[PDB]
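First the structure, in the form of structure tokens, and then the observations on it.
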RNA sequence: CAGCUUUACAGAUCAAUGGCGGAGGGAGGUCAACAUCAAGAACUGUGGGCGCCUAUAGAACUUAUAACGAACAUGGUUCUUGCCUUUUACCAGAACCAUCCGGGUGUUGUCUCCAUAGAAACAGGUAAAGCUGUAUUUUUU
Ligand SMILES: Nc1nc2c(ncn2[C@@H]2O[C@H](COP(=O)(O)OP(=O)(O)OP(=O)(O)O)[C@@H](O)[C@H]2O)c(=O)[nH]1
């Protein structure tokens, strides 16, 4: 995985982002929009859930992820 | 319309039997009479009694139950 | 120096505005852009010639369109011009049951004023008749006694560490603003403050007067002349070369 | 800032889904900006009733499904 | 080619929002607003519409340089040669615009810029019928004329959200040169007048129903919008609504951090004047007058807006307009206001009921749509239809009923309470009336207006089209009543063609006129003389022009403008005179009663009693139309010959139509 | 103001999906939202973590207990973004 | 008084990546040459789908009481008129047409008058300009 040395979250808009959540699920998708309270809009979102063995996958689409439930956000890939 | 604050006030005025349910805790309940009122749901409640839920009674004195951990009010 | 402060230096020069300035394109003298006060001064100066009615509704049945309609219908608006009729008056009704004096009623006299106003209605068999305008009224009051924002001619109605926007302005109406306002409502020549240059030939200072309704208590000859001028104008307008 | 628009649900029986997989029932009487419900008391989910009139706190509410359409 | 015009091809003005999104939105109801903008003559509704269109779109071909600059108005929706050349909006040529609110989210809006002039009030009526909200635009100067009042009344009658637009502030700012305080006072007065004419709902600039517009200079604003733009930086989020509320109603600032209802001695003017009107005035004066650099600096500072280097060299009025645009951003405030006004969608049902009858809702069972007005939008006939429920697909086989055959149908239904499909048509092509272009679409969904091509030929004026799949469904259905074109027509122009040879052509033209101009009765009399009963002079003239140029191109004779007279009686009938190969009396009704009429037997009787305090027997006997018909002899209650009098009453109708 | 909130508001009308902290997914016509994500829906299904579906008419949901909201792909196209 | 983006700055290792790059004028002439300015409200290409749709885009000028002119002449042709009786020279209207006096826009080319730099961002400072900010139930206590 490769990515530019970014300064802020707003500066890396429309990059393919992995997003970890408190329940255990991993939402991968392109960051369309952000919030003051870390709510993320994701372009072509895919939920990856790991039950207690192997990654179970679910395609979503346009999604509004709330900030409360997010643990952290990793850059999966660049735009396009 | 009857607001929650108004209801609380009414209850206070009455001094009738009240049964409070605790937040994030199913097995335990409280039963007393509302004495106090605050800007939040926090209220002081004399003659309180702890109750284990039927999935009877236990000894308990005078208490102020904090607003954050309330679930139910009734009076 | 007091009234005509800005214009005096250049007004009477061969090239009306100097070469090598920011007010005209340059020595080619093809375009001009003016500041406000100079423009205002010019307007003030031109009071004799530019004497135009700022009210657009004034020209009711003195429109080019109206004139054209009149010409078509062989119907003189009494003030305005008259022409040879487009169509020869083929008086061949033959006493038919339509438009008879047995049939119709004469409460209204159906003046030829009304013909050019609703051509397609009041006139029967209209031909090559253009459509006229049908307008709003112009409440526009200009102060002649050197005063600022006053309800003069009309009547009154019956009944956190910050300030409003444009605070520290200290004055609603700037000293030049009355003039600006006046300019605003005035017609084409002065309305603007930038333009392409027309030839001295291509300016018309007489035109405006003859377009207007003639000033009353003039002699017959003058009226006739005015009419002639109008006719000349109208014909030119009509046939676009 | 904005009031919860529950004027459609006024004087209707609502299944209030609350914290810890619990449930409450009753007709809706009132509300406020914090989503503290005021409702006439009914049974807790076989089934058994407590109280006459009840006032539920906002934080505890998971959902409130309308029984009456 | 054509002289009376539309776009005629798919090089349409491209739009800042994408049209696909709009189409999608139109699928779902609750996210469609039929606005139908209305007012008096030259209030500037059309100007407003044009502005809106401009805001929506990228680069429009019709909009020249001059119009762009500001100079000439882009009168967009008066696309007809006549409506151009004449200066009047004459026909309903509205728009379908995805318009955003203060809440960034966006909704599709079927505007309809009606005529202002009082002889095309049929058009206005049609618009009202179509539209669920109605923007009542008013000339600030002219104020609330009688016309405005009438419009308001009409709106009230046919249940609609009245979101006002007080238009032409420029006139008071600059033309009149009213002081800011004076202007404010004037505005207040206008508002008061509006309120008075209205029954109950109190309109003010707070609550976002009044909208302050100057559509030549190119800005509309509700105070809320203004606040959002320019009193967010200073004032925190808690008290913004509060601040807005404070602004208008005779409160002051007190040179101090909180406002006070009393008058204060140090400061002069109210909050509205201080926080809005004064600012506007300043903007105006500076634009006209101030040194340009200074103005630019101010803009940079206060409004946070930059003038382009090109825009500095502009001419005065244009410059001013530009400045206004920069300040008052692309008109979303108006949209927001509209939305606020039409946040109740419970009115919709009421409106529907008014249109037709107290209805039992049956959405899934069938599609139905009020065909409102026929139109010659793009030369070819379209039909302006509001799909009320269901979805109207392209190439669908659809039953239609002209409102002529509505009452009869209803009666039949009642009586009933076999498949009798009387006429029907196929939908050729559906399109959105987008001012000068018809953007074409395949579907057409509930609560939106559209142009449909196939319908026109069935009906004459105002149809109801529907596509049922059952007997029960049919029973459930109702049929829109004929549009009460508020202005009744009494301007009688008689025709004859000058060449009898082309009488068919003339007839065709007449038919077309009837279809298009709804406020047009066309009596074909016995003498071979066609008669047009138009609304007024100007309207009549327009109609003639349309006929004698566009829908015929024929030499046509025309009478002096007469009126429809109507026979009556002053005193009561004295002689009891029968007729043979019946004896009926005559007496005038009560003036008040007549007026009431102009604006179940027991119930009827009661009503009569309430009205005139007549005898009960008379009431019982009564059964009227168009006026009054009783059956009050002695032996009729015993007799069965006089009983069953519907047929008899039919005869009377003829008499009423054609008097002595 | 919150752009996700705005998006949600825009989605009003559409068949949105909606999961909670409890993990109980809903899918239906969005009716109304607020600054805090106080959603309402119509004609809505309700599936638990187990998988057993349960249909229901009118549901209101509180933003705190909401996990994430799936909007249809149409609102990706336009127009509140830019 | 925080944050990021740009200039004005040293001395850098200078990779990394961007952006200003085959980096080199500006103002104008009563100076040219060409193009083009009345048409389905009307523009031009580009591929793709196959003379037409769908995306790309571009677009200087002129236009709605419709025009390059907020300006107005003269011809020619027919037809009708008028003074008239021969014609020119005329009257005044119509329909086509032309001529002319002008106008833009764009592209070059020139003529004149003023002028002259071939490389700067990164770690972050110093200074100044653009926007955002001011723990008790729904986000982060
Ligand atoms: N002073 C001023 N004039 C305006 C304003 N808006 C429009 N006008 C002018 O006044 C007239 C009104 O504009 P229109 O759009 O033609 O009026 P309208 O709404 O079409 O009126 P209808 O033809 O009856 O529909 C036009 O001549 C405009 O130039 C305004 O805000 N201020």
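Every residue, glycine as well, gets a Cβ built from its backbone with ideal geometry; the counts of neighbours run over all protein chains shown. Each value in this text was obtained by applying a stated rule to the coordinates, not by laboratory testing.
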Query raised in the report: Only one of (1) within 14 Å of chain E (Cβ to nearest Cβ); (2) within 11 Å of RNA strand G (Cβ to nearest atom); (3) assigned to a loop (DSSP other than H, G, I, E, B) is not met by residue C:93, so which one is it?
Result: (2)
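Wholly within the range C:121-225, which helices (runs of 4 or more DSSP H) include no fewer than the required count, namely at least 1 residues that are farther than 28 Å from residue E:302 by Cβ and more than 8 Å from every other protein chain (Cβ to nearest Cβ)?
Working: elements: C:177-185, C:188-191, C:207-211.
The qualifying helices (runs of 4 or more DSSP H) are C:188-191, C:207-211.
Yes or no, residue by residue, for (1) more than 30 Å from residue E:556 (Cα to Cα); (2) within 16 Å of RNA strand G (Cβ to nearest atom); (3) surrounded by fewer than 17 Cβ atoms within 10 Å (Cβ to Cβ):
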residue: C:108; (1), (2), (3): no, no, yes
residue: C:115; (1), (2), (3): no, no, no
residue: C:121; (1), (2), (3): no, no, no
residue: C:144; (1), (2), (3): yes, no, yes
residue: C:159; (1), (2), (3): yes, no, yes
residue: C:171; (1), (2), (3): yes, no, yes
residue: C:182; (1), (2), (3): yes, no, no
residue: C:192; (1), (2), (3): yes, yes, no
residue: C:202; (1), (2), (3): yes, yes, yes
Report summary line: Among B:6, B:54, B:10, the single one that is out of contact with any strand residue (DSSP E or B) (no Cβ under 7 Å at 6 or more places or on another chain) and loosely packed, with under 13 Cβ neighbours inside 10 Å is B:54
Query - Subset of the range E:206-226 [buried (at least 24 other Cβ atoms within 10 Å of the Cβ) and outside any loop (DSSP other than H, G, I, E, B)] - result: E:211, E:212, E:213, E:214, E:219, E:220, E:221, E:223, E:225
Query raised in the report: Just for the range D:20-69: of the residues that are under 9 Å from the mean Cα position of the chain (by Cα), closer than 21 Å to residue B:66 by Cα and more than 7 Å from chain B (Cβ to nearest Cβ), which one is surrounded by the fewest Cβ atoms within 10 Å (Cβ to Cβ)?
Result: D:61
Report task. Could you list, in sequence order, all residues of the range E:71-83 that are near the ligand (Cβ under 10 Å from one of its atoms) and touching a helix residue (DSSP H, G or I) at 6+ places or on another chain (Cβ under 7 Å)? Result -> E:71, E:72, E:73, E:74, E:75, E:76, E:77, E:78
Query raised in the report: strands (runs of 3 or more DSSP E) wholly in chain F with at least 1 residues that are within 7 Å of another protein chain (Cβ to nearest Cβ), under 20 Å from residue A:23 (Cα atoms) and in contact with a helix residue (DSSP H, G or I) (Cβ under 8 Å, 6 or more places away or on another chain) - which ones?
Result: F:66-71
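Checking the structure you have, find out if any residue of the range C:36-51 is surrounded by fewer than 10 Cβ atoms within 10 Å (Cβ to Cβ) and within 31 Å of the chain's Cα centre (by Cα). Steps first, answer last, please.
First pass over the range C:36-51, keeping only residues surrounded by fewer than 10 Cβ atoms within 10 Å (Cβ to Cβ): C:47-48.
Now restrict to residues that are within 31 Å of the chain's Cα centre (by Cα): C:47-48.
The answer is yes; a qualifying residue exists.
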Query raised in the report: How many residues are in a loop (DSSP other than H, G, I, E, B) and buried (at least 22 other Cβ atoms within 10 Å of the Cβ) if we restrict to the range E:429-445?
Result: 3
Requested in this report: Residues being more than 7 Å from RNA strand G (Cβ to nearest atom), away from chain C (no Cβ under 14 Å) and farther than 27 Å from residue C:187 by Cα: count how many of those fall in the range E:51-90.
Outcome: 7
Report task. Tally the residues that are farther than 17 Å from residue C:200 by Cβ and within 8 Å of RNA strand G (Cβ to nearest atom), restricting the search to the range C:1-30. Result -> 5
Query raised in the report: List the pairs whose first member sits in the range E:334-357 and is more than 30 Å from residue E:479 (Cβ to Cβ), whose second member is assigned to a helix (DSSP H, G or I), and whose Cβ atoms are under 7 Å apart, counting only residues at least 6 apart or on separate chains?
Result: E:336/E:224; E:336/E:225
Query raised in the report: Which one of these is more than 20 Å from residue E:567 (Cβ to Cβ) and part of a helix (DSSP H, G or I): E:597, E:603, E:632?
Result: E:603
Query raised in the report: Quick one: what pairs do we get from the range E:541-563, first residue more than 7 Å from chain C (Cβ to nearest Cβ), second surrounded by fewer than 23 Cβ atoms within 10 Å (Cβ to Cβ) and assigned to a loop (DSSP other than H, G, I, E, B), C-beta under 7 Å, 6+ apart or different chains?
Result: E:543/E:520; E:550/E:4; E:556/E:498; E:563/E:490
Query raised in the report: residue C:47 versus (1) within 24 Å of residue C:228 (Cβ to Cβ); (2) more than 16 Å from RNA strand G (Cβ to nearest atom); (3) more than 14 Å from chain E (Cβ to nearest Cβ): which is the lone unmet condition?
Result: (1)
Report task. Considering every residue within the range E:31-50, establish whether at least one is part of a loop (DSSP other than H, G, I, E, B), near RNA strand G (Cβ under 9 Å from one of its atoms) and under 18 Å from the mean Cα position of the chain (by Cα). Result -> no
Report task. Taking residue C:105 as the residue in question, decide whether it is under 29 Å from the mean Cα position of the chain (by Cα), part of a loop (DSSP other than H, G, I, E, B) and within 7 Å of chain E (Cβ to nearest Cβ). Result -> no
Query raised in the report: What is the number of the single condition among (1) surrounded by fewer than 20 Cβ atoms within 10 Å (Cβ to Cβ); (2) farther than 30 Å from residue F:1 by Cα that residue E:101 does not meet?
Result: (2)
